[PDB]
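# Per-entry structural report
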Amino acid sequence: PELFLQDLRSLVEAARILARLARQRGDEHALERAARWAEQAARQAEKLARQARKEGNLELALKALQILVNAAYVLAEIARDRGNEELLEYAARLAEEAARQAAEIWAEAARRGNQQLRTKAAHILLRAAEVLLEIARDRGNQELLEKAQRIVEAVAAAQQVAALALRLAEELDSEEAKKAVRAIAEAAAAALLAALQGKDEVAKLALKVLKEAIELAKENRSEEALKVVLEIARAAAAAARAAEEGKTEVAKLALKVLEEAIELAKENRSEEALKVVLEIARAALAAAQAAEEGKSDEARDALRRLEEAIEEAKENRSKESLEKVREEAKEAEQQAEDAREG
Amino acid sequence: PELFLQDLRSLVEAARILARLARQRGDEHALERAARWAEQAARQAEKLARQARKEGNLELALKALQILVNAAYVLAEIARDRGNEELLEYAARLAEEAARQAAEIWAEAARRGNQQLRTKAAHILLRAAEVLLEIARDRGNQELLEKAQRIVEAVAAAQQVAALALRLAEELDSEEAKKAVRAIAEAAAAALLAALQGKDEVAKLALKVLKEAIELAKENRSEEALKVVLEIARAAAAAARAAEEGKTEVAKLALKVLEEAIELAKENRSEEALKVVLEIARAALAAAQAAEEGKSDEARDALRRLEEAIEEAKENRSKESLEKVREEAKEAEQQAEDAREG
Amino acid sequence: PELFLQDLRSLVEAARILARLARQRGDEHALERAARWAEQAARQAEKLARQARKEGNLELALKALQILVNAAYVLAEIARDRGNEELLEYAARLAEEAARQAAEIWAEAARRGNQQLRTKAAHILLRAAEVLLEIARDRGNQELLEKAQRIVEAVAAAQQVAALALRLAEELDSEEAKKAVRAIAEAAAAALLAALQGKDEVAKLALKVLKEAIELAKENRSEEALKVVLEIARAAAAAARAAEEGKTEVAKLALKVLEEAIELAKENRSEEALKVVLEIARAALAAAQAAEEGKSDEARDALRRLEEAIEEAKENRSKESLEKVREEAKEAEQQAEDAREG
């Protein structure tokens, strides 16, 4: 049970001893035996985590990482002394595919409404990226450092999106607010998986778009703006499925489609201009399912339609032309219905 | 709530990564960004601790230190590598004014009767002085080491005064004993703030006076001696407000006024000599409020009155002259009433 | 109470500061004072552990070790800098006689049926052997390393015997199984004390005999084989009291008396051959009390009787000669009754 979880922690703390003890004894017979006391151990937890994540059980699969994550820092002191990069590039795959399912845990954290666990996942991601640090604290994998500095940057700022949620479910103890906050966070977890892939600038600017969402939500908070930011929360969310589809050319385009809209929020802040912005986003949630489908020449065919219209409200913002970008926003929202139907 | 307390621990463990990761990448853009991930974090807890200590809430403001105390050991590895002593002398004020309110927590620990927390405060003071150690483990601030060696010495011995309290509230499970023990400890916390200021010898000998209190309390423990040591417990207490008033010349004099009295306790141990010692102390609790007032030429005017009387019981100790230092102790106790009235 | 247990943890963390602080200040007056803040502390717990182990209280005497075990790693940084091997060979006796009673705790763990604590004891043994590592991480006590590499090897494999117990009290949730499992573990704790003494090969092969017990128990598990392995569990157990009696010549002989029997288990697996093996072991539990008595010329006189009979079932295994090693096993079991009576 959970006794076998504490029955495995000592085995890990038995490799950190026998590996440091057998490297200091010339016992490469026991240093290869202590290097086996860690390889024979970490797998029994990876199958335990795969079966716990299969049962939809969080708190145990969460405690299954902090023990399995530390298993790298012991195999680091082993494969560094023996010098075998075939046993060092083995802990590389042991940490990359480990933090793999660590973010799929932080998904249903906000996607199901657990807020004290979406901040408990950051420990693993923080204390597991530190397994590549001391692995290259002096060594040097130049391309690997270009990830942890773009990964650890994608954790601390990711948990920062969960900060305004609390300070807005506490500054606004409402259900029309704690539903957006739980979904404007269920939409912020995608920025993790969007900068955790090669495109680090795609999601650096993805959360940067959701940044102005709360700033335009604390400035003008309507019951039609709580749903304007919420219909834009889970709308810019799928801009990662466009970046996670080669279409970072269309995702960094799609994620930017809302930037000038959230900028046109507190300038011409009208209940008729909000419902034109609050109705302008829904196509992005359909154009992202189209760049997660493959129509980059049809998403950009519909994306190049709201550009001269982005140069419409920008050029012509007066009451009859921002309300003409209203009958033009409805026309732009029709290109998605002509594309979603396909 | 307390979720934002765990939502801040990961942010600290995210600076210890990104600062060690960006110093090892030439990213003084991210090493100045990781040096900001710690500066933007520690303040949100210092205001949380100031608002928790404002509400009279212990256990949360106590857990607010162990996270805020560790914040120094991360900024140490930053300001040491960059070499900027304008960012290193910033963590100096971040640790000095931090342990500032750490002893004001241990005050109401015994001053309100919480004994398992007066020993929980020592962790912070011990694990926060260790933030100056690794900051100068090789560097070297010679004047700063002359504090931590006089500070850490003032913690371990301070928590030693709380040891006899337990072993006397357990060796004497009484209320006439657990009230003195809770006040002979509420009087021992002042020795912390008296050696934590420049005068390290003032309180080294202050607890050394309360040392013979329990030794003369385990030797001759009367119900009139439980109140003799208790009327001397919170009496020598205010000898710090004299040292914390420049008058370490009058405090180290006032703290020494009880030394020869506790020595005259188990030699001429009489219920008529106890009530002459048990009535000799109360003037010190009034002469300390006078050296905490400014009458160093009037406290020493009344202190130089019990000196030839200290040379009275010492010279003339026989039954008619220790009982003549009785009608002289009452005369000495009258100089405080002529001084307290002012 | 347990407040004095937390009132002692800070005192330990006050030596690790003042010893590192006074060695870095030339204060060999305070470095000898910090070396006293640890010597005056560790004994108050060793008497607390001796009085807790006297009261048969586990969880507190278990938490009395993790604090007392760490006390070595602080005195290591002291006696290494001062260079005095008369203060370094003092922490040697402080760690050897410490792990002394650490295994006598893991005894009644399974010998009384507590399975989640027999795995909690491994932490101490693992995190206390690591006190000799950093003590000789660079120094070098060649004969001492020949112990910790044979001690830490005797912990991780010892807790491995407790693994099959869970995976057989969970794979077979029975009382005829959870009684053997609690006794085939109460018999595995002796292998700890048998390789923790000079004879490291005596118990390396002792658990190696109990290894084939479960392998022959998962292959052919009868209700007469659950009692065959259980009557062999606590039978090979006392093969340590023979090794812990100089008679490692008779113990490594006695521990090997069951090897060829567990090998003759799944080859001629008969309910009439099981009850001949299940009745062949009981003499070992009586021949081990004879090598724990001193009759090495009478135990080997009875041990040299089952050798030509070991060369009987091996030579003559057919149905009439393994059943003739049946009427010979009863004859061999009679030499113990003629020896136990003495």
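- As deposited, the entry is annotated with X-ray crystallography as its determination method and 4.50 Å as its resolution.

- The PDB entry lists chain A under the name LK031, with synthetic construct as the source organism.
- Recorded in the entry header as its title is "De novo designed homotrimer; the fusion product of BGL17 and DHR59".

### Focus on the overall build of chain A
- In terms of regular secondary structure, chain A is built from 22 helices and 0 strands.
- Projected onto the principal axes, the alpha-carbon positions of chain A cover approximately 85 × 40 × 35 Å.
- Intrachain contacts of chain A at a sequence separation of at least 6 include 62% that bridge at least 24 residues.

### Description of the relation of the copies chain B and chain C
- Once chain B is rotated about the relating axis by 120 degrees and shifted along it by 0.0 Å, it coincides with chain C to within an RMSD of 0.0 Å. Read as a symmetry element, the transformation amounts to a three-fold axis. When each C-alpha of chain B is compared by its distance to the rotation axis, B:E134 comes out closest, at 11 Å.

### Comments concerning the domain arrangement of chain A
All names here are of chain A.
- You can read the domains of chain A as domain 1 (3-154) and domain 2 (157-340).
- Here domain 1 and domain 2 have C-alpha centroids that lie 36 Å from each other.
- Across the side of domain 1 that touches domain 2, the residue classes break down as 3 nonpolar, no polar and 3 charged.

### Here's the deal with the packing of helix α10 (residues 175-186) of chain C against helix α13 (residues 226-236) of chain C
Residue and element names in this part refer to chain C.
- Where α10 meets α13, the closest approach of the two axes is 9 Å, and the angle between their N-to-C directions is 20 degrees. Taken together, the axis directions place α10 and α13 in an arrangement best described as roughly parallel. Where α10 crosses over α13, the handedness of that crossing is left-handed. For the pair formed by α10 and α13, the contact residues are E176, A180, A183 and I184 on the first element and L226, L230 and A233 on the second.
- For the contact of α10 with α13, the class distribution of residues is 6 nonpolar, no polar and 1 charged.

### Remarks on the interface of chain C and chain A
- With 6 residues of chain C at the contact, the number on the chain A side is 6 residues.
- Broken down by element, the residue count for the side of chain C that touches chain A peaks at 3 residues, all from helix α6 (residues 121-133) of chain C.
- Here the residues of the side of chain C that touches chain A are counted per class, giving 3 nonpolar, 3 polar and no charged.

### Details of the interface of chain B and chain C
- Facing the 6 residues of chain B at the interface are 6 residues of chain C.
- Ranked by residue count, the leading element in the side of chain B that touches chain C is helix α6 (residues 121-133) of chain B, at 3 residues.

### With respect to the packing of helix α1 (residues 3-23) of chain A against helix α2 (residues 28-52) of chain A
Residue and element names in this part refer to chain A.
- Direction vectors running N to C along α1 and α2 enclose 160 degrees, while the axes themselves pass 8 Å from each other. In terms of their interaxial angle, α1 and α2 are classed as roughly antiparallel. In this structure, α1 crosses over α2, and the sense of that crossing is left-handed. Residues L11, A15, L18, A19, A22 and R23 of α1 form the contact with α2, whose participating residues are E28, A30, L31, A34, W37 and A38.
- For the contact of α1 with α2, the per-class residue count stands at 10 nonpolar, no polar and 2 charged.

### Thoughts on the environment of C:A22
- Tracing the backbone shows C:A22 in helix α1 (residues 3-23).
- Beyond its immediate stretch of four places on either side in the chain, C:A22 contacts C:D27, C:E28, C:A30 and C:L31.

Quick notes on the rules
- Here the residue numbering is sequential from 1 along each chain as its sequence is written and may not follow the entry numbering; residues with no coordinates are omitted from view.
- Lettering for chains starts from A, numbering for ligands starts from 1, and both go in the order in which the items are written.
- Values reported for side chains reflect all heavy atoms of the structure, with hydrogen atoms and water molecules removed beforehand.
- Residues with missing side-chain atoms are left out of burial classes, side-chain pairs and their counts.
- A run of H or I in DSSP counts as a helix once it spans at least four residues, and a run of E counts as a strand once it spans at least two, with each numbered from the N terminus.
- Pairs of residues are marked as contacts when any of their non-hydrogen atoms sit within 4.5 Å.
- Each copy is laid over the others by a least-squares fit that uses only its C-alpha atoms.
- Domain start and stop positions are those given by an automatic or database domain assignment.
- As a working rule, the residues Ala, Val, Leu, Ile, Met, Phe, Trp, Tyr, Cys and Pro are called nonpolar, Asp, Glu, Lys and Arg charged, and the rest polar, with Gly in that last group.
- To define axes, lines are fitted to C-alpha atoms, for helices over the stretch in contact only, and angles between the resulting N-to-C directions are given on a 0 to 180 degree scale.
- An angle below 35 degrees is treated as roughly parallel, one above 145 as roughly antiparallel, one from 65 to 115 as roughly perpendicular, and anything else as oblique.
- Left-handed describes a crossing in which the near helix is turned anticlockwise from the far one by less than a right angle; the clockwise case is right-handed.

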